[PDB]
């Protein structure tokens, strides 16, 4: 048997459509547990209600493993949502004003990517050299353009275009609102936030985990992922492409 | 005031308060007190509701101050309802408004001027004397007071008929002597044509004009009580007299 | 015997309670006799009748019942004593969603008697009143007179030691009443003849009481034996009550 | 231990003052519209089924099955379905006003089913007396039935407010605003043990107060 | 588009039955406890509110405050706080049984408060009569509280059942419980309008069936 934790959506979709049938061909009975809350999947992993979980990214594992002193490890990177800035009430970047509005995810680590991208736009400056994995409003050295940030739930970001000037879209909701996924004004080159499968550290060598890793690196899985998650930021194992 | 006819009837385990009220009719003349008498329940503890059409009968029709009532539309029936007064076996009142305010209530429905209501309540409260504790609530006073509240409530709107359901008979006879004196005056001055139910002979002999004696949803006799003497003819009537 | 002793219920300056204050008062009732109680509603139809059960407590005074003080018992023993004494009430207070035959069974369920002797006593006290025919009927099948018999039957079932009435036959007819009172006289054949009762009227009292008390505003003005259906009142203001003849 | 005193007071004051302001307006306004329109609908439910003032078997059946559907259908899902209509009315999808709208729709249908109790429970014969004295149906309801069940209406509004408080926290995470929109920032995500105990304390004191107000007035208005 | 929608639905066949099979456990089981302990709590509050049994002013006030504190305390936060205790008792925190425990906890207080309506609102006379008869408080609960008020209790049960259904959507997120999880799938993450309309219709049926059952029971009791 093998027990998986994912969030709902793209990572649980990877398990439901392709990886689950792949491991059953390989003799493993998979159980999927789906989460809508970030805290429960890791605890359940360290507590052994799960054998594995692909929802954690490199920054999140480090906070939660430190804070809760957990016996867990990453194992391999997985295809990850690009992040990108999109037209809202304003249609091109140059239109930005003192007091313009931007919609962004309320997640601490995805807020950290957003902050790193607005510094790459040069709209704000962050205190460069401060921890990137845990950046926040206080890590804004200067709100150069006095931008009015709007923290939201990520699935609301596609509808927010009408309400805010420009709207960062997580990328998990850009390609499901796929009709507008092409309209990105900016793109994310940061590799500090890659998604990463994870296990209890004692599990790291197990043949079942090697067969999960192989399923996650099988040619059938690559064919399925290219087809289902087009434009996602690949594992460095895939040459990041 | 006359019935054409009435009746109302119930199947086995249809089970309203009593078994059927039978084919029946009467004329109650103007300026006349008319009594109803007989063993308990029996549809007689209900029968008077049929006059105000508060139960619709299974049969027949009724005329009151000219108008036949059963044919009326509900909005016309309001004025018929307004001009005919009634009082009951239970006190049937608005808990969360005062005594004086319960007395004002029908007059609010009369649409009377504020001072006309105030005057009429002060009048009717004083006629029953209970002006002395009218700023009051039902836990504060007793059933005797509450009878006078019913009486005044019925009285105040100057209705052309009253349909008493043992309100003055409800008290014990010694207490009743001081109140019965009121109804006599009300009849003499306004020819109220007051109709009353009872299960006690004594009150009839000391108040009324004609008595229907009754059983099984039907008449035993109608008798004159004039001369303070009930001139009955049946042995059932004699038992009811005793 | 019963002994009634300096009993009062003084209230507040507002005096916004059920009635006006009631004064320190005392009496004695015997094993062999029927006692009637009479006044005007100004004194209070309730009078101190609820306090006889100790639904209230004397602000002055005390209460012997069957020769035993009740204000001192002050325990589940006082409730147990209450279970043994008969009363009927101005308000029917019947359960609505059980048959009146089962409202008749409800007092014996309190006594905890074996259910067979419950069935027996029930049918007995129910047929004594004669309401056995309309016992199975819920309260949407009745008039006041049926409901009265229900209260009366409910009271009778224990063969209780001592008896209290509350102006019952104000809304009832004579031959049922006569027969009911003839049953209470048969109860005198049983251990106790004590039948305490309120009616402010004369008609009933003249017909069948042994003794009576006349009162206003919490003052008793005379007690009178009744003889040959005559009160023989000595009291002047009592005679204003006797004018009600 | 002083870590706890410092961590909260310096930062959180600035947000708390807004998070509170958002919370109160969102509960208050939604409650008003819920009690207002819910009253009228509750009356209709009763008076159609009363068979005394008026009757209609069919309208009664239709309105009940509607009310049933809307009372039980899930609130969060209904809010997502109501976004286009909401934006078209409010002029935007985001803020306490937009939440107050969807909250009020749930509260509207919530309210009326309660009041059904408040009427079926009431004593019969006074209705017959009102009919016996020939009042218009509108007068009966308006100037009798409320006062008779006045203590009943205070209880119902008290409990509805407490419900809408829990509902407002759920409404706020998706739409923005409210102490729920704080708690998810300092719990569920970036969880902090000391900040969570402060929000818990504020709730306790506020929710005693509203209920204690309700019980005092309901007691006065027997 | 119609044929595309219809042909799609056939694919989800087994998953739908597994979501529904889950849902009955959460709602049914949690309801039982809610009605059970909520009864005792409401009764105990009421008897200490009255001179019947024993009148305890202080105990009454403290217990009343606790019920208000727990109803108004937020559900989602409470679930997250309950994690360590829930894990020790059930042997897990994932799944419908663990979630139903948390549902039921909320339900105890909500049901006791609902019970309180019905208890405080009875007509005095019969209680006064049995008390005059020297009856013990056990007999008073054994029949006297029930005889009429049991219809209002069917109403209370009916609203409670419908309430636990809405909360089951919210627990559906974390516990992966039944139709709440199903509505989180192909909802915010993906937009499949066809299965939304199907879920809406499936719920609509359940709603009508529940309230129709409640309505009939309450009608037949009096």
Open item on the list: Checking the structure you have, find out if any residue of region B:142-158 is touching a helix residue (DSSP H, G or I) at 6+ places or on another chain (Cβ under 8 Å), surrounded by fewer than 16 Cβ atoms within 10 Å (Cβ to Cβ) and within 14 Å of chain C (Cβ to nearest Cβ).
Closed with: no
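Quick one: in region C:114-137, of everything that is touching a helix residue (DSSP H, G or I) at 6+ places or on another chain (Cβ under 7 Å) and assigned to a loop (DSSP other than H, G, I, E, B), which residue is farthest from the other protein chains (Cβ to nearest Cβ)?
The selected residue is C:132.
Table: residues versus (1) within 16 Å of the chain's Cα centre (by Cα); (2) in contact (Cβ under 8 Å) with a residue 24 or more places away in the chain; (3) at the interface with another protein chain (Cβ under 7 Å from one of its Cβ atoms).
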residue: D:166; (1), (2), (3): yes, no, yes
residue: D:172; (1), (2), (3): yes, yes, no
residue: D:177; (1), (2), (3): no, yes, no
residue: D:181; (1), (2), (3): no, yes, no
residue: D:198; (1), (2), (3): no, yes, no
residue: D:221; (1), (2), (3): no, yes, no
Picked from region C:8-24 (must be out of contact with any helix residue (DSSP H, G or I) (no Cβ under 7 Å at 6 or more places or on another chain) and buried (at least 19 other Cβ atoms within 10 Å of the Cβ)), the residue farthest from residue B:148 (Cα to Cα) is C:22
Within region E:102-127, restricting to residues that are more than 14 Å from chain C (Cβ to nearest Cβ) and either surrounded by fewer than 21 Cβ atoms within 10 Å (Cβ to Cβ) or over 18 Å from the mean Cα position of the chain (by Cα) (or both), the one that is nearest to residue E:37 (Cα to Cα) is E:105
Checked region A:170-211 for anything more than 19 Å from residue A:117 (Cβ to Cβ), free of Cβ contacts under 8 Å to residues at least 12 places away in the same chain and exposed (fewer than 14 other Cβ atoms within 10 Å of the Cβ); matches are A:178, A:179, A:205, A:207, A:210
task = May I ask you to verify whether residue E:138 is surrounded by fewer than 21 Cβ atoms within 10 Å (Cβ to Cβ), in contact (Cβ under 8 Å) with a residue 40 or more places away in the chain and not in a loop (DSSP other than H, G, I, E, B)?
result = no
Within region C:25-45, residues surrounded by 15 or more Cβ atoms within 10 Å (Cβ to Cβ) and more than 11 Å from every other protein chain (Cβ to nearest Cβ) come out as C:25, C:27, C:29, C:33, C:34, C:35, C:36, C:37
Flagged pairs (Cβ under 6 angstrom, 6 or more apart or on separate chains; first in region B:82-103, within 7 Å of another protein chain (Cβ to nearest Cβ); second buried (at least 21 other Cβ atoms within 10 Å of the Cβ) and assigned to a strand (DSSP E or B)) are B:86/B:163
Among residues of region D:183-195 being within 8 Å of another protein chain (Cβ to nearest Cβ) and outside any loop (DSSP other than H, G, I, E, B), the residue farthest from residue A:156 (Cα to Cα) is D:183
Among the residues of region C:46-69, the number that are closer than 12 Å to residue C:164 by Cβ, more than 12 Å from chain E (Cβ to nearest Cβ) and in a loop (DSSP other than H, G, I, E, B) is 2
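One line per residue, one yes/no per condition, for (1) surrounded by 22 or more Cβ atoms within 10 Å (Cβ to Cβ); (2) not assigned by TED's automatic domain parsing to the domain that holds residue A:144:
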site: A:20; (1), (2): no, yes
site: A:24; (1), (2): no, yes
site: A:45; (1), (2): yes, yes
site: A:74; (1), (2): no, yes
site: A:97; (1), (2): no, no
site: A:100; (1), (2): no, no
Is it the case that some residue within region D:154-164 is over 22 Å from residue D:108 (Cα atoms), out of contact with any strand residue (DSSP E or B) (no Cβ under 6 Å at 6 or more places or on another chain) and within 13 Å of chain B (Cβ to nearest Cβ)? no
When every residue in region A:109-130 that is within 18 Å of the chain's Cα centre (by Cα) and touching a residue at least 40 places away in the same chain (Cβ under 8 Å) is compared, the one farthest from residue A:98 (Cα to Cα) is A:109
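Answer with yes or no whether residue B:241 is within 11 Å of chain C (Cβ to nearest Cβ) and touching a residue at least 12 places away in the same chain (Cβ under 8 Å). Give the derivation first.
On the way: within 11 Å of chain C (Cβ to nearest Cβ): yes; touching a residue at least 12 places away in the same chain (Cβ under 8 Å): yes.
Here the answer is yes, as residue B:241 does meet what is asked.
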Flagged in region A:217-241 as farther than 10 Å from residue A:79 by Cα and in a loop (DSSP other than H, G, I, E, B), in numbering order, are A:217, A:218, A:239
Of the conditions (1) crowded, with 19+ Cβ neighbours inside 10 Å; (2) without any contact (Cβ under 8 Å) to a residue 40 or more places away in the chain; (3) within 30 Å of residue E:173 (Cα to Cα), the single one that residue E:28 does not satisfy is (1)
Those residues of region B:160-179 that are within 7 Å of another protein chain (Cβ to nearest Cβ), touching a helix residue (DSSP H, G or I) at 6+ places or on another chain (Cβ under 8 Å) and not in a loop (DSSP other than H, G, I, E, B) come to a total of 3
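Which strands (runs of 3 or more DSSP E) sit wholly inside region A:8-114 and have at least 2 residues that are within 30 Å of residue A:160 (Cβ to Cβ) and more than 10 Å from every other protein chain (Cβ to nearest Cβ)?
Strands (runs of 3 or more DSSP E) meeting the threshold: A:84-87, A:101-105.
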Counting only residues in region A:148-176 that are under 19 Å from residue A:90 (Cα atoms) and in a loop (DSSP other than H, G, I, E, B), the one nearest to the other protein chains (Cβ to nearest Cβ) is identified as A:163
Scanning region B:180-203 for residues that are more than 13 Å from chain C (Cβ to nearest Cβ) and assigned to a helix (DSSP H, G or I) gives B:182, B:183, B:184, B:185, B:186, B:187, B:188, B:189, B:190
Notebook entry, point to check: Before we move on, is residue C:106 within 11 Å of chain E (Cβ to nearest Cβ), part of a helix (DSSP H, G or I) and under 22 Å from residue E:147 (Cα atoms)?
Noted result: yes
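Name every residue in region C:70-87 that is touching a strand residue (DSSP E or B) at 6+ places or on another chain (Cβ under 7 Å) and closer than 26 Å to residue C:168 by Cβ, in order of residue number.
Passing the criteria: C:70, C:85, C:86, C:87.
Basis: the model, the stated rules and, where named, an outside source; no laboratory instrument gave them. All Cβ positions, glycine included, derive from the backbone under ideal geometry; neighbour counts span all protein chains shown.
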